Amino acid sequence: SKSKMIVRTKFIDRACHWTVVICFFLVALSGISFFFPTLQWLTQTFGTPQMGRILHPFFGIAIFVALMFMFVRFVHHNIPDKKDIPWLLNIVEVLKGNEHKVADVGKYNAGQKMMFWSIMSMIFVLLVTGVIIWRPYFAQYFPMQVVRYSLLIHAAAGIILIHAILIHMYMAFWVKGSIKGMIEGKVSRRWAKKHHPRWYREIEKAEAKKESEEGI
Amino acid sequence: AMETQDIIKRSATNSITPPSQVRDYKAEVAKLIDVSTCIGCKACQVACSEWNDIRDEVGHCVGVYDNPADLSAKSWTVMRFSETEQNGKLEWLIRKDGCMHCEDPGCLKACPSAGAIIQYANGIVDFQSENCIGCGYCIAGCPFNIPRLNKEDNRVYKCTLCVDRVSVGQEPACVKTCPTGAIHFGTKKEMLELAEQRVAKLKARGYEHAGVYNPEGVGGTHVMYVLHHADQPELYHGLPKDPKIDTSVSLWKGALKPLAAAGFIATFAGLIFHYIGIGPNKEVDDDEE
Amino acid sequence: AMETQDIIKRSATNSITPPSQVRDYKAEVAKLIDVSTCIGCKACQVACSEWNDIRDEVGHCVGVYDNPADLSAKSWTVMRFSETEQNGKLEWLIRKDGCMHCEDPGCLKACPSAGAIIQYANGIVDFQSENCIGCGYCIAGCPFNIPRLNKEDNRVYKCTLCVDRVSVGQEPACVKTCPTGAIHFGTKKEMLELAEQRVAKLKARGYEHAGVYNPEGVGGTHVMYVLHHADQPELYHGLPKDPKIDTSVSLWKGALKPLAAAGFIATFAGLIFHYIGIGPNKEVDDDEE
Ligand code: HEM
Ligand code: HEM
Ligand code: SF4
Ligand code: SF4
Ligand code: SF4
Ligand code: SF4
Ligand code: SF4
Ligand code: SF4
Ligand code: SF4
Ligand code: SF4
């Protein structure tokens, strides 16, 4: 407990995350330009409308690949458990900035875990429906009816994921100190105590204990 | 664009900013294809390509007279052949296939690019290529599987109802060329009249289910057929029975959009009013007092 | 734009999003200027300006028949005169000058504005003025020094090969007017045939180096010449010998772009991953522990 910060995120997972964010900006905006044609400016997300049509799916694939790297590195820390119920029941209290008083928060809270699975499920849905509606490469192999359903679902999934990310960014901006941890990798012990009690308690113990195990 | 000022529908255009359409007092036109008089000569395929300056590849024979085997960016109309005994004796049903120029076009409804597809006051539905992004949404939106992408420029093409001829007073190339007069052209009102007269004659010859194919599900079409067996359109190489814009496409291009719009606006409001109402969540809101 | 759907090349357009060109099955056309039959009457200058609704200024005589002295925004073709004794006796070589309508146009290659210059399937290279920004890059990109800026609207203009006449089936104005038939017009295939027949006749008259000027360096041209002295094109008031797009222009508009693109992307990646990897450089990273 004698250090201003503690490492919350490794460089590799920070590099990935911000790669996903940049790709997502382009993919979400191009997608929105097809969804709401009145927002003409967005048809220039990838330069020209013709270019955007081509690149959207490629950058989409990149996001999926990167999110799968994130999946295998973060999933075990996002597993729902009985300790998450307390959170789910005092949501209104958590949003007022009083979560500590009402819940048991480990590495990532119950909201972050719900977001994680929402994000991971939607990118899978977007991958599958995206491939199906992809011309000229793949749409040809699918029955027209399947292509039609996929067009409906892909649009819906894309919108759901964008809403989710809006909320994910907000929260990140809201629980102050969070963005620095994702850019630099470190969180101050007090930030850990307030927003993620159980989690820091574990690092603190893992820490001290194994250093006490050495035999100072 | 809009030089003709008679554009009644335009793709990806908000309903409160309609396209220029003051010059809309024009009679609707229509092509009537009487399959009972068609001899499957393919003159229409040839005349179409000659007039339109397009040439498909030299294909292969795989056991049937049909060729090319499907519509493509270089073949805007193709004759489809069907041999059947479903009605009691051998029949060779031959049907000219290509854009139906629907009154309520699914291609235009599904298209996400402003102005890529338009509908003229006279009923012609045409592609304005400068605006096409090659997404292919129109292929799925079309109840008749008509649009085809050109690999060489990433744009879709199809029968234009010879808009370049009709616009200045002349009938389409395929219409004029038809050896037996199976294809007719004129105002839709008089083509419907000719169709009913023909149906009456077919009934008098024993075809009790002869009828006009002008599907109400798409608001009627500007390319219609007279069929010996209107009760079984599938017999004519899969012509759809009671075609309509698919329900999934209607929902996707319809209600989903404003719903998503409301969610977005409402979400932005909520988050903004939330931040302002409660304030940031920093490490210590307590030692600030 | 793209209403004709036969645009085979378009300025400042990425190679993976080609212009609309499905209607590309059209014969290439060409103008053949046989300078050995030219009488330097200037009828072509007059017919061109009359047809195109343009008038240059009333200039000055500075000692030669040439007038106007150069192509300009208001003079799309000019006769260039050369007196020489380089071949053993006095000769008056007269050549009609103007756009060559190159198969691989340097103007289009150098142009930075999308759609400002286009090439039609029939070989005509034309300027779409609505998109011209007046940068003048095309003047340097052109191996023949043809484009000219109009001071009154900041746009370039040149011979259009009378695209407005050819598009509807009529030969250019200068072609039709030529008193001696020095100018011919038709499909490029048959113009090449006429050119070779003429070269044969000139050789029979003693011009052993007579030949057709259709430069391979620019992929051939749609305005060609029959020259008495094809071994010395410079004699005809500077006509280039073996013209081609300049190497500096090819590099500038070619490899430099993707190279710069890679640098930019790579730089952005490096800087971003750098900041994240090492973190800020603040006054004390040490008392943070
Ligand atoms: C997982 C990889 C993805 C693939 C293969 C993919 C592919 C596609 C394709 C092929 C289209 C049709 C237009 C075009 O060809 O450009 C499309 C549309 C769209 N995509 Fe994706 N996409 C992917 C990911 C995403 C993601 C992550 C989002 C959300 C940010 C998204 C949102 C959209 C939207 C909103 C549309 C337009 C639907 C409409 O017009 O209503 N896509 N995508
Ligand atoms: C500019 C927008 C974004 C910001 C500011 C942002 C910020 C953050 C921060 C600060 C964290 C870690 C918080 C903590 O340490 O508890 C995080 C985690 C994460 N972010 Fe983002 N993010 C953004 C966009 C995205 C996008 C577009 C995606 C994917 C579609 C994404 C996926 C994730 C995932 C999967 C995690 C791990 C969470 C968990 O394991 O529960 N983020 N983000
Ligand atoms: S030209 Fe007429 S008769 Fe011949 S195949 Fe076409 S529609 Fe039938
Ligand atoms: S037949 Fe298809 S392509 Fe033709 S107008 Fe109807 S929906 Fe559009
Ligand atoms: S492919 Fe079809 S749906 Fe897509 S922009 Fe072109 S016309 Fe519209
Ligand atoms: S109406 Fe014109 S474009 Fe359509 S099939 Fe006939 S000839 Fe071809
Ligand atoms: S009109 Fe013919 S003869 Fe006269 S100057 Fe021009 S090219 Fe020569
Ligand atoms: S002569 Fe010059 S202006 Fe004419 S087509 Fe060739 S490069 Fe372009
Ligand atoms: S001056 Fe020439 S190079 Fe510049 S935009 Fe106009 S046509 Fe293009
Ligand atoms: S072809 Fe037409 S534009 Fe060109 S010089 Fe002749 S008359 Fe003028």
Side-chain angles (χ1 to χ4, degrees), chain A residues 8-9 13-14 16-18 20-25 27-28 63-64 66-67 70-71 73-78 105 107-120 122-123 126 161-162 164-166 168-173 175 177-183 185 187 191-192 195-196 199, chain B residues 31 33-35 37-48 77-79 81 94-96 174-183, chain C residues 11-12 107-117 127-129 131-142 147-149 154-158:
Chain A
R8 190 171 167 70
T9 309
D13 301 304
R14 288 196 277 106
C16 194
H17 180 271
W18 293 122
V20 165
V21 174
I22 285 168
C23 284
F24 186 92
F25 171 86
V27 172
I63 289 174
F64 177 82
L67 275 182
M70 277 177 128
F71 183 86
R73 299 201 55 106
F74 295 68
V75 62
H76 304 317
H77 291 188
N78 287 87
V105 181
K107 180 83 181 207
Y108 294 108
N109 67 59
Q112 288 184 298
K113 297 173 177 174
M114 289 194 294
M115 173 66 64
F116 169 95
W117 288 97
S118 291
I119 290 179
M120 290 299 156
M122 291 298 90
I123 201 66
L126 285 156
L161 179 54
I162 294 175
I165 292 309
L166 287 177
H168 173 70
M169 295 188 295
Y170 177 58
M171 295 305 243
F173 182 66
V175 177
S178 295
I179 294 166
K180 289 303 170 192
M182 195 63 251
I183 293 182
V187 288
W191 180 96
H195 305 302
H196 295 280
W199 177 63
Chain B
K31 182 166 68 183
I33 300 164
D34 172 17
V35 308
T37 296
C38 177
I39 51 174
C41 69
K42 299 196 189 185
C44 49
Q45 296 183 195
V46 179
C48 177
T77 187
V78 298
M79 296 307 303
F81 303 69
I94 310 173
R95 177 178 66 84
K96 176 177 186 294
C174 62
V175 169
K176 181 177 178 177
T177 218
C178 189
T180 57
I183 306 178
Chain C
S11 63
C107 54
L108 190 156
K109 187 174 299 301
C111 178
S113 187
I117 306 184
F127 294 161
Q128 287 195 126
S129 307
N131 302 311
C132 183
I133 67 173
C135 68
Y137 283 9
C138 54
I139 299 165
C142 174
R148 297 286 182 274
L149 282 161
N154 305 322
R155 294 179 178 76
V156 288
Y157 298 99
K158 67 173 186 67

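Hydrogens, waters and symmetry mates are skipped; everything else that's a heavy atom, side chains included, is used. Order of the sequence lines sets the chain letters (A, B, ...), proteins ahead of strands, with each chain counted from 1. Just so you know, ligand 1 is whichever comes first in the structure, and atom 1 is the first atom listed for that ligand.
- With B:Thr177 contributing its side chain and B:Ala43 its backbone, the two residues share no donor-acceptor pair below 3.5 Å.
- For A:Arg8 and A:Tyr108, the positive end sits near the middle of the six-membered ring, less than 6.0 Å away and at most 45° from its axis.
- The immediate protein surroundings of ligand 9, defined as residues with any heavy atom under 4.0 Å of it, consist of C:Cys111, C:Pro112, C:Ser113, C:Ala116, C:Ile117, C:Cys132, C:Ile133, C:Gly134, C:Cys135, C:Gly136, C:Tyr137, C:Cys138, C:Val156.
- Taking the ring-ring contact (aromatic ring centres under 6.0 Å, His included) definition, one finds that A:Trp199 meets it with nothing, sequence neighbours left out.
- C:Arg148 contributes atom CZ, which lies 10.0 Å from atom SG of C:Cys138 (distance to the nearest 0.5 angstrom).
- The proximity of B:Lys42 to ligand 3, defined as any non-hydrogen pair under 4.0 Å, is limited to the backbone.
- By the criterion of a separation under 2.8 Å, the protein N/O/S atoms near atom 2 (Fe) of ligand 3 amount to B:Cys178 SG.
- The two residues A:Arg14 and A:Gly181 have their closest heavy-atom pair at CD-O, 3.8 Å.
- Within the model, atoms SG of C:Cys107 and CZ of C:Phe127 stand 5.0 Å from one another, a figure rounded to the nearest 0.5 Å.
- Set against the non-hydrogen atoms of B:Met79, the atoms of ligand 3 under 4.0 Å away are 5 (S), 6 (Fe), 8 (Fe).
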Using a 3.5 Å cut-off on N/O to N/O, what pairs does ligand 2 make with the protein? A line per pair would be great.
{"from": "ligand 2", "atom 1": "15 (O)", "to": "A:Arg8", "atom 2": "NE", "distance (Å)": "2.7"}
{"from": "ligand 2", "atom 1": "16 (O)", "to": "A:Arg8", "atom 2": "NE", "distance (Å)": "3.3"}
{"from": "ligand 2", "atom 1": "16 (O)", "to": "A:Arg8", "atom 2": "NH2", "distance (Å)": "2.8"}
{"from": "ligand 2", "atom 1": "16 (O)", "to": "A:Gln112", "atom 2": "NE2", "distance (Å)": "2.9"}
{"from": "ligand 2", "atom 1": "20 (N)", "to": "A:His17", "atom 2": "NE2", "distance (Å)": "3.1"}
{"from": "ligand 2", "atom 1": "20 (N)", "to": "A:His168", "atom 2": "NE2", "distance (Å)": "3.0"}
{"from": "ligand 2", "atom 1": "22 (N)", "to": "A:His17", "atom 2": "NE2", "distance (Å)": "2.8"}
{"from": "ligand 2", "atom 1": "22 (N)", "to": "A:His168", "atom 2": "NE2", "distance (Å)": "3.0"}
{"from": "ligand 2", "atom 1": "40 (O)", "to": "A:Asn78", "atom 2": "OD1", "distance (Å)": "2.9"}
{"from": "ligand 2", "atom 1": "40 (O)", "to": "A:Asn78", "atom 2": "ND2", "distance (Å)": "3.4"}
{"from": "ligand 2", "atom 1": "41 (O)", "to": "A:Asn78", "atom 2": "ND2", "distance (Å)": "2.6"}
{"from": "ligand 2", "atom 1": "41 (O)", "to": "A:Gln112", "atom 2": "O", "distance (Å)": "3.4"}
{"from": "ligand 2", "atom 1": "42 (N)", "to": "A:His17", "atom 2": "NE2", "distance (Å)": "2.9"}
{"from": "ligand 2", "atom 1": "42 (N)", "to": "A:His168", "atom 2": "NE2", "distance (Å)": "3.2"}
{"from": "ligand 2", "atom 1": "43 (N)", "to": "A:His17", "atom 2": "NE2", "distance (Å)": "2.9"}
{"from": "ligand 2", "atom 1": "43 (N)", "to": "A:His168", "atom 2": "NE2", "distance (Å)": "2.8"}

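- Between A:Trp117 and A:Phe71, the gap from one ring centroid to the other is short of 6.0 Å.
- Of the possible donor and acceptor atoms, one in the side chain of C:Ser11 sits under 3.5 Å from a partner among the backbone N and O of C:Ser113.
- The environment of B:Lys176 atom NZ is sparse: at most 12 non-hydrogen atoms of other residues, nucleotides or ligands sit within 6.0 angstrom.
- The backbone N or O of A:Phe116 sits nowhere less than 3.5 Å from a side-chain atom of A:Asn78 that would complete a donor-acceptor pair.
- Around atom NZ of A:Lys180, no more than 12 heavy atoms belonging to other residues, nucleotides or ligands sit under 6.0 Å away.
- Taking both residues in full, the closest heavy atoms of A:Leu67 and A:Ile119 are given as CD1-CG2, 4.1 Å, listed atom of the first, atom of the second, then distance.
- Atom-to-atom distance recorded for B:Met79:CE and B:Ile39:CD1 is 9.5 Å, nearest 0.5 angstrom.
- Ring orientation note: the planes of A:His196 and A:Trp191 are tilted relative to one another, at an angle of 30° to 60°.
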